[PDB]
Amino acid sequence: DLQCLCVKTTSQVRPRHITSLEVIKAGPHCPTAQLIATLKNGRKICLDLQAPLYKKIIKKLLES
Amino acid sequence: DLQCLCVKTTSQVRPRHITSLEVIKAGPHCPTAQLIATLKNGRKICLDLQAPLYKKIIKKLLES
Amino acid sequence: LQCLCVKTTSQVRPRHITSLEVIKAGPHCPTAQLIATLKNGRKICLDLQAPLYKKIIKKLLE
Amino acid sequence: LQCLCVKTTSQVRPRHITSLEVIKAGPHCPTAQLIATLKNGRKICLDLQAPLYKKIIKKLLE
Ligand SMILES: CO[C@H]1O[C@H](COS(=O)(=O)O)[C@@H](O[C@@H]2O[C@@H](C(=O)O)[C@@H](O[C@H]3O[C@H](COS(=O)(=O)O)[C@@H](O[C@@H]4O[C@H](C(=O)O)[C@@H](O[C@H]5O[C@H](COS(=O)(=O)O)[C@@H](O)[C@H](O)[C@H]5NS(=O)(=O)O)[C@H](O)[C@H]4O)[C@H](OS(=O)(=O)O)[C@H]3NS(=O)(=O)O)[C@H](O)[C@H]2OS(=O)(=O)O)[C@H](O)[C@H]1NS(=O)(=O)O
Ligand SMILES: CO[C@H]1O[C@H](COS(=O)(=O)O)[C@@H](O[C@@H]2O[C@@H](C(=O)O)[C@@H](O[C@H]3O[C@H](COS(=O)(=O)O)[C@@H](O[C@@H]4O[C@H](C(=O)O)[C@@H](O[C@H]5O[C@H](COS(=O)(=O)O)[C@@H](O)[C@H](O)[C@H]5NS(=O)(=O)O)[C@H](O)[C@H]4O)[C@H](OS(=O)(=O)O)[C@H]3NS(=O)(=O)O)[C@H](O)[C@H]2OS(=O)(=O)O)[C@H](O)[C@H]1NS(=O)(=O)O
């Protein structure tokens with residue numbers, strides 16, 4: 001009934017452009033964790049789990 | 001980067017078992033609208049768009 | 001009263017809404033909650049009043 | 001002050017959390033928002049305090 005939201009991660013986007021980050025735990029409908037980021041223009045993208053980039057994105061959004 | 005969350009709809013579930021319903025507009029990452037329902041036990045399922053069932057689920061959750 | 005929607009809002013541009021989640025009342029929230037997510041990822045609590053969320057759900061279903 | 005997280009909470013079972021969304025501050029919300037979604041679909045606003053959301057994000061990443 002449900003699959004993963006993200007097909008492939010991305011590496012390049014400006015942390016300034018990010019308004020929202022959702023962290024989704026692995027579940028019955030997706031074997032891997034997911035990192036969905038929403039941008040000012042409505043564009044949604046996926047981040048890499050094995051990178052410190054998500055750590056940078058998160059640390060910024062909270063600092064705002 | 002993103003696909004649809006729901007693969008196939010469902011027809012049978014008890015409206016009593018439903019705690020949350022999310023209505024997702026069609027977008028660049030999914031050609032069709034989506035109706036995701038969350039249940040007390042954590043189970044998530046998709047509803048049918050061409051049915052009055054979603055109308056029943058929604059009308060109940062608000063009445064609660 | 002430990003709800004997501006303490007104060008609630010009536011003014012929003014329906015075209016800016018990408019999703020609407022209806023969360024049911026419970027021991028922790030006296031009322032149902034209408035959470036709308038906008039294009040920019042932000043969220044706001046919709047007034048449970050009638051014609052507001054009526055038109056929205058249909059515009060999400062087009 | 002028309003935020004999702006007016007009042008905020010500190011007591012939640014991390015195993016009950018299925019997702020955590022960080023919404024950034026803006027002209028409409030003075031602070032960033034930590035919205036946690038539980039197994040039963042409900043949502044609660046997490047305290048922006050340190051060790052609460054630190055352990056959670058990692059438990060979501062296992
Ligand atoms: C191209 O060069 C540019 O370089 C950088 C990068 O640009 S980027 O950010 O676009 O990538 C620019 O730096 C940014 O400059 C500002 C900007 O983004 O415009 C500024 O952003 C902050 O302030 C924005 C202006 O808002 S306002 O307060 O001055 O009015 C704000 O964007 C506005 O958000 C409001 C809002 O959310 O309330 C919007 O208001 C409108 O919608 C509201 C909500 O609608 S709803 O549907 O019901 O929900 C309505 O209630 C309201 O009536 C309505 N107002 S109206 O005017 O339409 O009538 C409005 O449309 C938006 O423009 C930013 O909000 S945010 O959501 O994007 O975060 C806000 N960001 S903040 O800094 O975090 O507070 C910053 O200086 C900077 O943005 S950034 O976030 O730091 O990246 C640079 O300005 C620009 N150079 S330029 O070429 O000279 O322009
Ligand atoms: C098998 O036969 C059954 O038939 C029907 C159908 O069952 S079904 O609903 O499971 O499908 C049963 O009818 C239901 O009966 C009640 C029930 O579901 O148990 C009742 O539901 C309402 O009340 C529940 C009991 O709560 S309590 O207030 O009395 O304490 C409630 O479930 C509890 O929710 C709380 C909660 O959300 O706060 C939970 O508390 C615990 O977690 C909290 C939050 O954690 S968090 O992670 O931090 O977020 C903690 O804060 C708290 O400390 C902790 N308490 S503790 O006990 O663990 O220490 C608790 O775990 C839950 O059990 C229902 O909440 S809900 O979220 O499911 O909606 C609530 N539903 S409500 O009616 O909408 O308010 C109803 O009568 C009915 O449920 S229903 O929603 O109408 O469908 C029937 O009882 C049963 N017959 S039986 O065989 O005899 O049992």
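Atom set for the values below is all heavy atoms of this structure, side chains included, hydrogens, waters and symmetry mates excluded. Chain A is the first sequence line, chain B the second, and so forth, proteins listed ahead of strands; every chain is numbered from 1.
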Inset, instruction - Walk me through it: do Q33(D) and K43(C) pass the test side chain to side chain contact (heavy atoms under 4.5 Å, CB included)? - result: CA-CA 10 Å; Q33(D) 288 162 133; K43(C) 293 170 145 55; over 6 Å; no
Inset, instruction - Quick one: do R42(D) and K24(C) satisfy side chain to side chain contact (heavy atoms under 4.5 Å, CB included)? Show the steps, please. - result: CA-CA 8 Å; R42(D) 301 188 174 280; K24(C) 93 153 161 60; 3.0 Å; yes
Legend entry - Distance-minimising heavy-atom pair for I23(D) and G41(C): CD1-O, 4.0 Å
Legend entry - Heavy-atom pair with the smallest gap, counting every atom of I35(C) and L4(D): CG2-CD2, 4.5 Å
Inset, instruction - First locate atom CD of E21(D), then atom OG1 of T37(C), and finally report the distance between them rounded to the nearest 0.5 Å. - result: 6.0 Å
Inset, instruction - Nearest 0.5 Å please: distance from the CD1 atom of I44(C) over to the CD atom of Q2(D). - result: 8.0 Å
